[PDB]
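Content type CSV, C-alpha atoms and all ligand atoms, from the file final-v4.csv:
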chain,number,residue,atom,x,y,z
C,1,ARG,CA,97.9,99.5,116.1
C,2,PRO,CA,101.7,98.9,115.9
C,3,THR,CA,104.4,101.3,114.7
C,4,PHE,CA,105.2,101.4,111.0
C,5,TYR,CA,108.3,102.5,109.0
C,6,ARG,CA,109.1,103.2,105.4
C,7,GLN,CA,111.7,102.4,102.7
C,8,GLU,CA,112.4,102.1,98.9
C,9,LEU,CA,113.2,98.7,97.4
C,10,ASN,CA,113.7,98.6,93.6
C,11,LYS,CA,111.5,101.6,92.7
C,12,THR,CA,108.6,100.8,95.1
C,13,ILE,CA,107.8,102.0,98.6
C,14,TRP,CA,107.1,99.5,101.5
C,15,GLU,CA,105.6,100.6,104.8
C,16,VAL,CA,105.6,97.8,107.3
C,17,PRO,CA,105.3,97.3,111.1
C,18,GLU,CA,108.5,97.7,113.1
C,19,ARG,CA,108.3,94.0,114.0
C,20,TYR,CA,109.5,93.1,110.4
C,21,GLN,CA,113.2,93.8,109.9
C,22,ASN,CA,115.9,93.5,107.2
C,23,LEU,CA,113.6,93.6,104.2
C,24,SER,CA,115.4,92.1,101.2
C,25,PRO,CA,113.7,91.6,97.8
C,26,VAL,CA,113.5,88.0,96.5
C,27,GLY,CA,111.5,88.6,93.2
C,28,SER,CA,108.1,88.6,91.7
C,29,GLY,CA,105.1,86.8,93.2
C,30,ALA,CA,101.4,86.6,92.1
C,31,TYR,CA,100.2,90.2,91.5
C,32,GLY,CA,103.0,91.7,93.6
C,33,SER,CA,106.5,91.8,94.9
C,34,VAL,CA,107.9,89.7,97.8
C,35,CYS,CA,110.5,90.5,100.4
C,36,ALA,CA,112.3,88.2,102.8
C,37,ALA,CA,112.1,89.7,106.3
C,38,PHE,CA,113.0,88.8,109.9
C,39,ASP,CA,110.1,88.6,112.3
C,40,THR,CA,111.3,89.9,115.7
C,41,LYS,CA,108.1,88.7,117.4
C,42,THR,CA,108.7,85.0,116.5
C,43,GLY,CA,112.4,85.1,115.5
C,44,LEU,CA,111.4,83.6,112.1
C,45,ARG,CA,112.3,84.5,108.6
C,46,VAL,CA,109.1,85.4,106.7
C,47,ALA,CA,108.0,86.4,103.2
C,48,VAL,CA,106.1,89.7,102.8
C,49,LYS,CA,104.2,90.2,99.5
C,50,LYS,CA,103.0,93.7,98.7
C,51,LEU,CA,100.1,93.5,96.3
C,52,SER,CA,100.5,95.8,93.3
C,53,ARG,CA,97.7,98.4,92.9
C,54,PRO,CA,95.2,96.2,94.8
C,55,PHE,CA,92.1,98.4,94.2
C,56,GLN,CA,92.9,100.0,90.8
C,57,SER,CA,90.1,98.2,89.0
C,58,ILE,CA,87.3,95.7,89.6
C,59,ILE,CA,89.6,92.8,88.4
C,60,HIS,CA,92.3,93.8,90.8
C,61,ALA,CA,89.9,94.5,93.7
C,62,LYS,CA,88.1,91.1,93.3
C,63,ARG,CA,91.4,89.3,93.0
C,64,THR,CA,92.9,91.0,96.0
C,65,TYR,CA,89.9,89.9,98.0
C,66,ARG,CA,90.1,86.4,96.5
C,67,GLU,CA,93.8,86.0,97.4
C,68,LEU,CA,93.2,87.1,101.0
C,69,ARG,CA,90.2,84.9,101.4
C,70,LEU,CA,92.0,81.8,100.1
C,71,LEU,CA,95.1,82.4,102.2
C,72,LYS,CA,93.1,83.0,105.4
C,73,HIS,CA,91.4,79.6,104.8
C,74,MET,CA,94.5,77.4,104.2
C,75,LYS,CA,95.7,75.7,107.4
C,76,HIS,CA,97.7,72.7,106.2
C,77,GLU,CA,101.4,71.6,106.3
C,78,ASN,CA,101.7,71.4,102.5
C,79,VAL,CA,99.8,74.6,101.7
C,80,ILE,CA,101.1,78.2,102.2
C,81,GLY,CA,99.0,79.9,104.9
C,82,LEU,CA,98.7,83.4,106.4
C,83,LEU,CA,101.0,84.4,109.2
C,84,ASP,CA,99.8,88.0,109.2
C,85,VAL,CA,98.0,90.6,107.0
C,86,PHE,CA,98.5,94.4,107.4
C,87,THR,CA,98.0,97.8,105.9
C,88,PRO,CA,99.4,101.2,107.0
C,89,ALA,CA,95.9,102.6,106.6
C,90,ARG,CA,94.1,103.6,109.8
C,91,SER,CA,90.7,103.8,108.2
C,92,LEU,CA,88.7,102.4,105.2
C,93,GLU,CA,88.9,105.7,103.3
C,94,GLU,CA,92.7,105.7,103.2
C,95,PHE,CA,92.9,101.9,102.6
C,96,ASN,CA,95.1,101.4,99.5
C,97,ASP,CA,97.8,98.9,100.3
C,98,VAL,CA,97.8,95.2,101.3
C,99,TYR,CA,100.7,93.2,102.7
C,100,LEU,CA,100.5,89.4,103.2
C,101,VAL,CA,103.0,87.6,105.4
C,102,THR,CA,103.8,83.8,105.3
C,103,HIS,CA,106.7,81.5,106.0
C,104,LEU,CA,109.8,82.0,103.9
C,105,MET,CA,110.7,78.8,102.0
C,106,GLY,CA,114.3,77.9,100.8
C,107,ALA,CA,113.8,77.2,97.1
C,108,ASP,CA,111.2,76.3,94.5
C,109,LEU,CA,111.1,72.9,92.8
C,110,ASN,CA,112.7,74.4,89.7
C,111,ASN,CA,115.7,75.5,91.7
C,112,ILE,CA,116.3,72.2,93.6
C,113,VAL,CA,116.5,69.9,90.5
C,114,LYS,CA,119.6,71.5,89.0
C,115,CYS,CA,121.1,71.8,92.5
C,116,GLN,CA,120.8,68.3,93.8
C,117,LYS,CA,120.4,64.8,92.4
C,118,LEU,CA,116.8,63.5,92.9
C,119,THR,CA,116.6,59.8,94.0
C,120,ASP,CA,113.4,57.8,93.7
C,121,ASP,CA,112.9,58.3,97.4
C,122,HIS,CA,112.9,62.1,97.0
C,123,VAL,CA,110.4,62.0,94.2
C,124,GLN,CA,108.2,59.8,96.3
C,125,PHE,CA,108.3,62.3,99.2
C,126,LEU,CA,107.8,65.5,97.2
C,127,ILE,CA,104.9,64.1,95.0
C,128,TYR,CA,103.4,62.6,98.2
C,129,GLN,CA,103.3,66.1,99.8
C,130,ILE,CA,101.9,67.8,96.7
C,131,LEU,CA,99.1,65.2,96.7
C,132,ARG,CA,98.5,65.6,100.4
C,133,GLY,CA,98.2,69.3,99.9
C,134,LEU,CA,95.9,68.8,96.8
C,135,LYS,CA,93.6,66.5,98.8
C,136,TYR,CA,93.2,69.3,101.2
C,137,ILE,CA,92.5,72.2,98.8
C,138,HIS,CA,90.3,70.0,96.6
C,139,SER,CA,88.2,68.9,99.6
C,140,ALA,CA,87.2,72.6,99.8
C,141,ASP,CA,86.2,72.8,96.1
C,142,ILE,CA,89.3,74.8,95.4
C,143,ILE,CA,91.3,74.0,92.3
C,144,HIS,CA,94.8,75.3,91.7
C,145,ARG,CA,94.5,75.4,87.9
C,146,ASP,CA,98.2,76.3,87.3
C,147,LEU,CA,100.3,73.8,89.3
C,148,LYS,CA,103.9,74.0,88.1
C,149,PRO,CA,107.5,73.7,89.6
C,150,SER,CA,107.8,77.4,90.3
C,151,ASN,CA,104.9,77.4,92.7
C,152,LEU,CA,106.1,74.4,94.6
C,153,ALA,CA,108.4,75.6,97.4
C,154,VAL,CA,110.7,73.3,99.4
C,155,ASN,CA,113.1,73.6,102.3
C,156,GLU,CA,116.5,71.9,102.7
C,157,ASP,CA,114.4,69.4,104.8
C,158,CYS,CA,112.6,68.6,101.5
C,159,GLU,CA,109.4,69.8,103.3
C,160,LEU,CA,107.1,71.2,100.5
C,161,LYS,CA,104.3,73.8,100.3
C,162,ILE,CA,102.0,74.7,97.4
C,163,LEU,CA,101.8,78.4,96.5
C,164,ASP,CA,99.4,80.5,94.3
C,165,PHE,CA,96.4,78.1,94.3
C,166,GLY,CA,92.9,79.3,93.3
C,167,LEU,CA,94.2,82.4,91.5
C,168,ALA,CA,94.3,81.5,87.8
C,169,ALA,CA,105.9,78.3,80.2
C,170,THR,CA,102.7,77.7,82.2
C,171,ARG,CA,101.2,75.8,79.2
C,172,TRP,CA,103.7,72.9,79.7
C,173,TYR,CA,101.8,71.6,82.8
C,174,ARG,CA,98.2,72.3,81.8
C,175,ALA,CA,95.6,69.6,81.4
C,176,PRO,CA,94.5,69.5,77.8
C,177,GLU,CA,90.8,69.9,78.7
C,178,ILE,CA,91.3,73.4,80.3
C,179,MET,CA,94.0,74.6,77.8
C,180,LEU,CA,91.5,73.8,75.0
C,181,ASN,CA,88.2,74.0,76.8
C,182,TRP,CA,87.2,70.8,75.0
C,183,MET,CA,85.5,68.8,77.7
C,184,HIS,CA,84.2,69.5,81.2
C,185,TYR,CA,86.9,69.9,83.8
C,186,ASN,CA,87.2,69.2,87.5
C,187,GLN,CA,89.8,69.1,90.3
C,188,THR,CA,91.8,66.5,88.3
C,189,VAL,CA,93.2,69.2,86.1
C,190,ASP,CA,95.8,69.5,88.9
C,191,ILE,CA,96.5,65.8,88.9
C,192,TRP,CA,97.5,66.2,85.2
C,193,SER,CA,100.0,68.8,86.3
C,194,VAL,CA,101.3,66.6,89.1
C,195,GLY,CA,102.0,63.8,86.5
C,196,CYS,CA,103.9,66.3,84.3
C,197,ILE,CA,105.9,67.4,87.3
C,198,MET,CA,106.6,63.9,88.5
C,199,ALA,CA,107.8,62.9,85.0
C,200,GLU,CA,110.2,65.8,85.1
C,201,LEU,CA,111.7,65.0,88.5
C,202,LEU,CA,112.3,61.4,87.3
C,203,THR,CA,113.8,62.2,83.8
C,204,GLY,CA,115.3,65.7,84.4
C,205,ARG,CA,113.4,66.9,81.3
C,206,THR,CA,110.1,68.7,80.6
C,207,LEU,CA,107.6,66.1,79.5
C,208,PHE,CA,105.7,68.3,77.1
C,209,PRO,CA,107.6,71.5,76.2
C,210,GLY,CA,105.2,72.8,73.5
C,211,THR,CA,105.8,76.0,71.6
C,212,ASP,CA,102.0,76.8,71.5
C,213,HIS,CA,98.6,75.2,72.2
C,214,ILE,CA,98.7,73.1,69.0
C,215,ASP,CA,102.3,71.8,69.4
C,216,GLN,CA,101.5,71.2,73.1
C,217,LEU,CA,98.5,69.0,72.3
C,218,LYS,CA,100.6,67.2,69.6
C,219,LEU,CA,103.3,66.4,72.1
C,220,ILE,CA,100.6,65.1,74.5
C,221,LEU,CA,98.8,62.8,72.0
C,222,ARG,CA,102.2,61.3,70.9
C,223,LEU,CA,102.4,59.9,74.4
C,224,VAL,CA,98.8,59.3,75.6
C,225,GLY,CA,97.3,58.5,72.1
C,226,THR,CA,94.5,60.3,70.2
C,227,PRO,CA,91.1,60.0,71.9
C,228,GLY,CA,89.1,57.0,70.8
C,229,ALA,CA,85.4,56.8,70.4
C,230,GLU,CA,84.5,56.8,74.1
C,231,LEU,CA,86.3,60.0,74.8
C,232,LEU,CA,85.2,61.8,71.6
C,233,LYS,CA,81.5,61.3,72.7
C,234,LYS,CA,82.3,63.6,75.7
C,235,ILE,CA,83.6,66.6,73.7
C,236,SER,CA,81.0,69.4,73.6
C,237,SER,CA,82.8,71.8,71.2
C,238,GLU,CA,82.4,71.0,67.5
C,239,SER,CA,85.7,72.8,66.5
C,240,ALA,CA,87.7,70.9,69.1
C,241,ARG,CA,86.2,67.6,67.9
C,242,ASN,CA,87.0,68.3,64.3
C,243,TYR,CA,90.7,69.1,65.1
C,244,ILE,CA,91.2,65.8,67.0
C,245,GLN,CA,89.7,63.6,64.2
C,246,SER,CA,91.5,65.5,61.5
C,247,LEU,CA,94.9,64.8,63.1
C,248,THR,CA,96.8,61.7,62.1
C,249,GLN,CA,96.0,59.1,64.7
C,250,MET,CA,98.6,58.3,67.4
C,251,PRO,CA,98.8,55.1,69.4
C,252,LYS,CA,99.0,55.1,73.2
C,253,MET,CA,102.6,54.3,74.1
C,254,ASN,CA,104.0,51.9,76.7
C,255,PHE,CA,104.9,54.2,79.6
C,256,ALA,CA,107.6,51.6,80.6
C,257,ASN,CA,109.2,52.2,77.1
C,258,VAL,CA,109.2,56.0,77.8
C,259,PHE,CA,110.2,56.2,81.4
C,260,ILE,CA,112.9,53.5,81.1
C,261,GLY,CA,114.6,52.6,84.4
C,262,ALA,CA,112.1,54.3,86.6
C,263,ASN,CA,110.6,52.5,89.5
C,264,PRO,CA,107.8,50.4,88.0
C,265,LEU,CA,105.3,51.6,90.6
C,266,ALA,CA,106.1,55.3,89.7
C,267,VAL,CA,105.4,54.4,86.0
C,268,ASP,CA,102.0,52.8,87.0
C,269,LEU,CA,101.0,56.0,88.9
C,270,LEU,CA,102.0,58.2,85.9
C,271,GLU,CA,99.8,56.1,83.6
C,272,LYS,CA,96.9,56.8,86.0
C,273,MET,CA,97.5,60.6,86.2
C,274,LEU,CA,98.2,61.2,82.5
C,275,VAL,CA,94.9,60.1,81.0
C,276,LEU,CA,93.0,62.5,78.7
C,277,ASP,CA,89.6,61.6,80.2
C,278,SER,CA,89.0,63.7,83.3
C,279,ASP,CA,86.3,61.3,84.7
C,280,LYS,CA,89.0,58.5,84.6
C,281,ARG,CA,92.0,60.4,86.0
C,282,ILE,CA,93.1,59.4,89.5
C,283,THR,CA,92.1,61.9,92.2
C,284,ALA,CA,94.6,63.1,94.9
C,285,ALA,CA,92.9,61.0,97.6
C,286,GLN,CA,93.2,57.8,95.4
C,287,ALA,CA,96.8,58.7,94.4
C,288,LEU,CA,97.9,59.0,98.1
C,289,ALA,CA,96.9,55.3,98.6
C,290,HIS,CA,98.8,54.1,95.5
C,291,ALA,CA,101.6,51.6,96.4
C,292,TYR,CA,104.3,54.1,95.2
C,293,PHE,CA,103.7,56.0,98.4
C,294,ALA,CA,103.7,53.0,100.8
C,295,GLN,CA,106.6,54.5,102.9
C,296,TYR,CA,104.7,57.8,103.5
C,297,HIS,CA,101.0,57.2,103.2
C,298,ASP,CA,99.1,57.5,106.5
C,299,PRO,CA,95.3,57.7,106.1
C,300,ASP,CA,94.8,59.2,109.6
C,301,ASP,CA,97.2,62.1,108.8
C,302,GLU,CA,95.9,63.2,105.4
C,303,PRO,CA,93.3,65.7,106.6
C,304,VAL,CA,90.6,67.6,104.6
C,305,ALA,CA,89.7,71.3,104.8
C,306,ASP,CA,86.8,73.1,106.5
C,307,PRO,CA,84.0,74.2,104.1
C,308,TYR,CA,85.1,77.2,101.9
C,309,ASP,CA,82.6,79.8,100.8
C,310,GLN,CA,83.3,81.0,97.3
C,311,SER,CA,79.9,82.4,96.4
C,312,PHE,CA,81.6,85.8,96.1
C,313,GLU,CA,83.0,84.5,92.8
C,314,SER,CA,79.7,84.8,91.1
C,315,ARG,CA,79.2,88.4,92.2
C,316,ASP,CA,79.6,91.7,90.3
C,317,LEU,CA,80.4,94.5,92.7
C,318,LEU,CA,82.0,98.0,92.5
C,319,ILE,CA,85.6,98.6,93.4
C,320,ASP,CA,84.7,100.2,96.7
C,321,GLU,CA,82.5,97.2,97.6
C,322,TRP,CA,85.4,94.7,97.0
C,323,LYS,CA,87.7,97.1,98.9
C,324,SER,CA,85.4,97.2,101.9
C,325,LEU,CA,85.1,93.4,102.0
C,326,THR,CA,88.8,93.1,101.9
C,327,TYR,CA,89.1,95.7,104.7
C,328,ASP,CA,86.8,93.6,106.9
C,329,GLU,CA,88.9,90.5,106.2
C,330,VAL,CA,92.1,92.4,107.3
C,331,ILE,CA,90.3,93.6,110.5
C,332,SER,CA,89.0,90.2,111.4
C,333,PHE,CA,92.2,88.3,110.9
C,334,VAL,CA,93.3,86.2,113.9
C,335,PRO,CA,96.9,84.9,113.5
C,336,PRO,CA,98.0,81.4,114.2
C,337,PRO,CA,99.3,80.3,117.7
C,338,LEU,CA,103.1,80.0,117.8
P,1,LIG,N1,106.2,82.5,100.8
P,1,LIG,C1,106.4,82.9,99.5
P,1,LIG,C2,107.6,82.6,98.7
P,1,LIG,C3,108.7,81.9,99.2
P,1,LIG,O1,108.8,81.6,100.4
P,1,LIG,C4,109.8,81.4,98.3
P,1,LIG,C5,109.4,80.9,97.0
P,1,LIG,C6,110.5,80.5,96.2
P,1,LIG,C7,111.8,80.5,96.6
P,1,LIG,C8,112.1,81.1,97.8
P,1,LIG,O2,113.4,81.1,98.1
P,1,LIG,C9,113.9,82.4,98.5
P,1,LIG,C10,114.9,82.3,99.6
P,1,LIG,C11,116.3,81.8,99.1
P,1,LIG,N2,116.3,81.5,97.7
P,1,LIG,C12,115.8,82.6,96.8
P,1,LIG,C13,114.5,83.1,97.3
P,1,LIG,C14,111.1,81.5,98.7
P,1,LIG,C15,107.3,83.3,97.5
P,1,LIG,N3,106.1,83.9,97.5
P,1,LIG,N4,105.6,83.6,98.7
P,1,LIG,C16,104.3,84.2,99.1
P,1,LIG,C17,103.1,83.8,98.6
P,1,LIG,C18,101.9,84.5,99.1
P,1,LIG,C19,102.0,85.5,100.0
P,1,LIG,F1,100.9,86.1,100.4
P,1,LIG,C20,103.3,85.9,100.5
P,1,LIG,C21,104.4,85.3,100.0
Rewrite the coordinates I just gave you, this time as structure tokens.
Ligand SMILES: Nc1c(C(=O)c2cccc(OC3CCNCC3)c2)cnn1-c1ccc(F)cc1
Amino acid sequence: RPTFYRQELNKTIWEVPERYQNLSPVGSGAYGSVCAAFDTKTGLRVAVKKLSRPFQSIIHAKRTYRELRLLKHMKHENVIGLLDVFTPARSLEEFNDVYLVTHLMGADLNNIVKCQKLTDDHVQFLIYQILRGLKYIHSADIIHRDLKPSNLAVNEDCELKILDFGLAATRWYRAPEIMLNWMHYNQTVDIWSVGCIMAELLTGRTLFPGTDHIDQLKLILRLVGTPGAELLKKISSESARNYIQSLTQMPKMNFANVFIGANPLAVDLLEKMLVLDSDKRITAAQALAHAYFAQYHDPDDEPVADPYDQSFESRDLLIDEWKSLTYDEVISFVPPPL
């Protein structure tokens, strides 16, 4: 065991190994608070997230486990991975705190828009990397479910990583089928989000800034068109079906008339991502081979993930059971080679 040391940072205590120095709060992350730190062992800047009350309830305990499991599995250039996980606890009985260490990125996609002027070549590169990372997480039956600018982190290099996958305004980037639970969903819910993000990088404006679920759907159908007969057949919910057919019918628009002056190939890909029918929406693997990414696409360097075991998701266990499983995962963690 290494040597630990303590401090207060904005009304919360952090006990970390001595190898991490110059802790400096950066804000709120998923279920916790994150610090920038310096990693004396590797000379790298890192991000340390302290989970908040990790084992306070069954929900928290299961989610703490889930987050650690997911992060330990991700080994890909465009997905955030685990550099280190630690606790100040010497045994399972005093185990109450979890700290997760990853690379520190420079900004999120939200930040970098209003800072620098995004050319077409930048949008090509950023969306390419998102899709490359989505191919990887999807290949392991993991779905992000809440892809949005604030969980896309990027360096000054323009190198991008996806954060906060597998854990789930947020509503602005949600696929209509999971927001409304109106038809069966799959991995392509994330492709809907990618389309919304790509539209935003090209226009500088949110594509669908709805004030609630109904206004949101309204803004969407104004662009994509109300579902015809072939889509309505696939809607299992009676109430959802009745809302769609009771609305005043909207035509599908010409995306060229909406995304005026955008690269025509970019507009073509948007048209393929922003379809309501999830069985027809382009996948990440198909998207990577679209002509829009000709400059970046390499099929021998778009790898898939090892099998991921999420059978734990269907299980109902006690707090101390989830806690013990997490403890094992902390103990068994082997860091990456540097
Ligand atoms: N690695 C990061 C960041 C970042 O690196 C990040 C994200 C957005 C912006 C950002 O820039 C900072 C540095 C300079 N600008 C302001 C904050 C870093 C944020 N959260 N996490 C994280 C996720 C899971 C974990 F287990 C641990 C940490």
Which residues form the shell of 10 Å around ligand LIG 1 (chain P) when you count all atoms listed in the file, given as a PDB file with C-alpha atoms, keeping the file's coordinate frame?
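The resulting file, out-v2.pdb, is shown below:
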ATOM      1  CA  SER C  24     115.400  92.100 101.200  1.00  0.00           C
ATOM      2  CA  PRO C  25     113.700  91.600  97.800  1.00  0.00           C
ATOM      3  CA  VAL C  26     113.500  88.000  96.500  1.00  0.00           C
ATOM      4  CA  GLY C  27     111.500  88.600  93.200  1.00  0.00           C
ATOM      5  CA  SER C  28     108.100  88.600  91.700  1.00  0.00           C
ATOM      6  CA  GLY C  29     105.100  86.800  93.200  1.00  0.00           C
ATOM      7  CA  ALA C  30     101.400  86.600  92.100  1.00  0.00           C
ATOM      8  CA  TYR C  31     100.200  90.200  91.500  1.00  0.00           C
ATOM      9  CA  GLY C  32     103.000  91.700  93.600  1.00  0.00           C
ATOM     10  CA  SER C  33     106.500  91.800  94.900  1.00  0.00           C
ATOM     11  CA  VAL C  34     107.900  89.700  97.800  1.00  0.00           C
ATOM     12  CA  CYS C  35     110.500  90.500 100.400  1.00  0.00           C
ATOM     13  CA  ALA C  36     112.300  88.200 102.800  1.00  0.00           C
ATOM     14  CA  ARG C  45     112.300  84.500 108.600  1.00  0.00           C
ATOM     15  CA  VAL C  46     109.100  85.400 106.700  1.00  0.00           C
ATOM     16  CA  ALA C  47     108.000  86.400 103.200  1.00  0.00           C
ATOM     17  CA  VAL C  48     106.100  89.700 102.800  1.00  0.00           C
ATOM     18  CA  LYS C  49     104.200  90.200  99.500  1.00  0.00           C
ATOM     19  CA  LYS C  50     103.000  93.700  98.700  1.00  0.00           C
ATOM     20  CA  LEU C  51     100.100  93.500  96.300  1.00  0.00           C
ATOM     21  CA  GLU C  67      93.800  86.000  97.400  1.00  0.00           C
ATOM     22  CA  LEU C  68      93.200  87.100 101.000  1.00  0.00           C
ATOM     23  CA  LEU C  70      92.000  81.800 100.100  1.00  0.00           C
ATOM     24  CA  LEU C  71      95.100  82.400 102.200  1.00  0.00           C
ATOM     25  CA  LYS C  72      93.100  83.000 105.400  1.00  0.00           C
ATOM     26  CA  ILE C  80     101.100  78.200 102.200  1.00  0.00           C
ATOM     27  CA  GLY C  81      99.000  79.900 104.900  1.00  0.00           C
ATOM     28  CA  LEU C  82      98.700  83.400 106.400  1.00  0.00           C
ATOM     29  CA  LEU C  83     101.000  84.400 109.200  1.00  0.00           C
ATOM     30  CA  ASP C  84      99.800  88.000 109.200  1.00  0.00           C
ATOM     31  CA  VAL C  85      98.000  90.600 107.000  1.00  0.00           C
ATOM     32  CA  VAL C  98      97.800  95.200 101.300  1.00  0.00           C
ATOM     33  CA  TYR C  99     100.700  93.200 102.700  1.00  0.00           C
ATOM     34  CA  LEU C 100     100.500  89.400 103.200  1.00  0.00           C
ATOM     35  CA  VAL C 101     103.000  87.600 105.400  1.00  0.00           C
ATOM     36  CA  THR C 102     103.800  83.800 105.300  1.00  0.00           C
ATOM     37  CA  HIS C 103     106.700  81.500 106.000  1.00  0.00           C
ATOM     38  CA  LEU C 104     109.800  82.000 103.900  1.00  0.00           C
ATOM     39  CA  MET C 105     110.700  78.800 102.000  1.00  0.00           C
ATOM     40  CA  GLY C 106     114.300  77.900 100.800  1.00  0.00           C
ATOM     41  CA  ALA C 107     113.800  77.200  97.100  1.00  0.00           C
ATOM     42  CA  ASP C 108     111.200  76.300  94.500  1.00  0.00           C
ATOM     43  CA  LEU C 109     111.100  72.900  92.800  1.00  0.00           C
ATOM     44  CA  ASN C 110     112.700  74.400  89.700  1.00  0.00           C
ATOM     45  CA  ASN C 111     115.700  75.500  91.700  1.00  0.00           C
ATOM     46  CA  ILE C 112     116.300  72.200  93.600  1.00  0.00           C
ATOM     47  CA  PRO C 149     107.500  73.700  89.600  1.00  0.00           C
ATOM     48  CA  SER C 150     107.800  77.400  90.300  1.00  0.00           C
ATOM     49  CA  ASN C 151     104.900  77.400  92.700  1.00  0.00           C
ATOM     50  CA  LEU C 152     106.100  74.400  94.600  1.00  0.00           C
ATOM     51  CA  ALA C 153     108.400  75.600  97.400  1.00  0.00           C
ATOM     52  CA  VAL C 154     110.700  73.300  99.400  1.00  0.00           C
ATOM     53  CA  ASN C 155     113.100  73.600 102.300  1.00  0.00           C
ATOM     54  CA  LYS C 161     104.300  73.800 100.300  1.00  0.00           C
ATOM     55  CA  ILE C 162     102.000  74.700  97.400  1.00  0.00           C
ATOM     56  CA  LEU C 163     101.800  78.400  96.500  1.00  0.00           C
ATOM     57  CA  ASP C 164      99.400  80.500  94.300  1.00  0.00           C
ATOM     58  CA  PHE C 165      96.400  78.100  94.300  1.00  0.00           C
TER      59      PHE C 165
END
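Here atom CA of residue 140 of chain C stands at a distance of 7.7 Å from atom CA of residue 304 of chain C.
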* Any idea what the distance is between atom CA of residue 189 of chain C and atom CA of residue 212 of chain C? ->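 Separation between atom CA of residue 189 of chain C and atom CA of residue 212 of chain C: 18.7 Å.
Straight-line separation from atom CA of residue 218 of chain C to atom CA of residue 290 of chain C: 29.1 Å.
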* To do: Please check which residues have atoms at most 12 Å from (88.3, 76.9, 93.4) in the file's coordinates, counting all atoms listed in the file, and write them as JSON, numbers by chain.
  => {"C": [66, 67, 69, 70, 134, 136, 137, 138, 139, 140, 141, 142, 143, 144, 145, 146, 164, 165, 166, 167, 168, 185, 186, 187, 189, 190, 307, 308, 309, 310, 311, 312, 313, 314]}
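With distances taken from (104.0, 61.9, 104.9) and restricted to all atoms listed in the file, the residues inside 9 Å are residues 125, 128, 129, 132, 293, 295, 296, 297, 298, 301 and 302 of chain C.
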* **Shell around segment 316-333 of chain C at 6 Å using only C-alpha atoms, local window under 5 positions removed, as a list in words** => residues 58, 61, 62 and 65 of chain C
* Would you kindly return, as a PyMOL selection string, each protein, DNA or RNA residue with an atom no farther than 8 Å from any atom of segment 259-261 of chain C, considering all atoms listed in the file and excluding same-chain residues fewer than 6 positions away? => chain C and resi 199+203+267
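Shortest atom-to-atom contact with residue 44 of chain C among C:283, C:206, C:22, C:64: C:22, counting only C-alpha atoms.
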* Asked: Nearest to residue 303 of chain C: which of C:230, C:271, C:279, C:77 is it, counting only C-alpha atoms?
  ->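 Residue with the minimum atom-to-atom distance to residue 303 of chain C: C:77.
For the choices C:115, C:214, C:23, C:160, the atom-to-atom distance to residue 130 of chain C is smallest for C:160 when using only C-alpha atoms.
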* Asked: In terms of the shortest atom-to-atom distance over only C-alpha atoms, which of C:217, C:269, C:287, C:89 is closest to residue 299 of chain C?
  ->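 The answer is C:287, which sits nearest to residue 299 of chain C.
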Can you pull out the residues contacting residue 197 of chain C? Cut-off 9 Å, using all atoms listed in the file, and skip same-chain residues under 5 positions away; I want them as a PDB file with C-alpha atoms, in the frame of the given file.
ATOM      1  CA  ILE C 127     104.900  64.100  95.000  1.00  0.00           C
ATOM      2  CA  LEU C 147     100.300  73.800  89.300  1.00  0.00           C
ATOM      3  CA  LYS C 148     103.900  74.000  88.100  1.00  0.00           C
ATOM      4  CA  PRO C 149     107.500  73.700  89.600  1.00  0.00           C
ATOM      5  CA  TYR C 173     101.800  71.600  82.800  1.00  0.00           C
ATOM      6  CA  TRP C 192      97.500  66.200  85.200  1.00  0.00           C
ATOM      7  CA  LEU C 202     112.300  61.400  87.300  1.00  0.00           C
ATOM      8  CA  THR C 206     110.100  68.700  80.600  1.00  0.00           C
ATOM      9  CA  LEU C 207     107.600  66.100  79.500  1.00  0.00           C
TER      10      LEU C 207
END
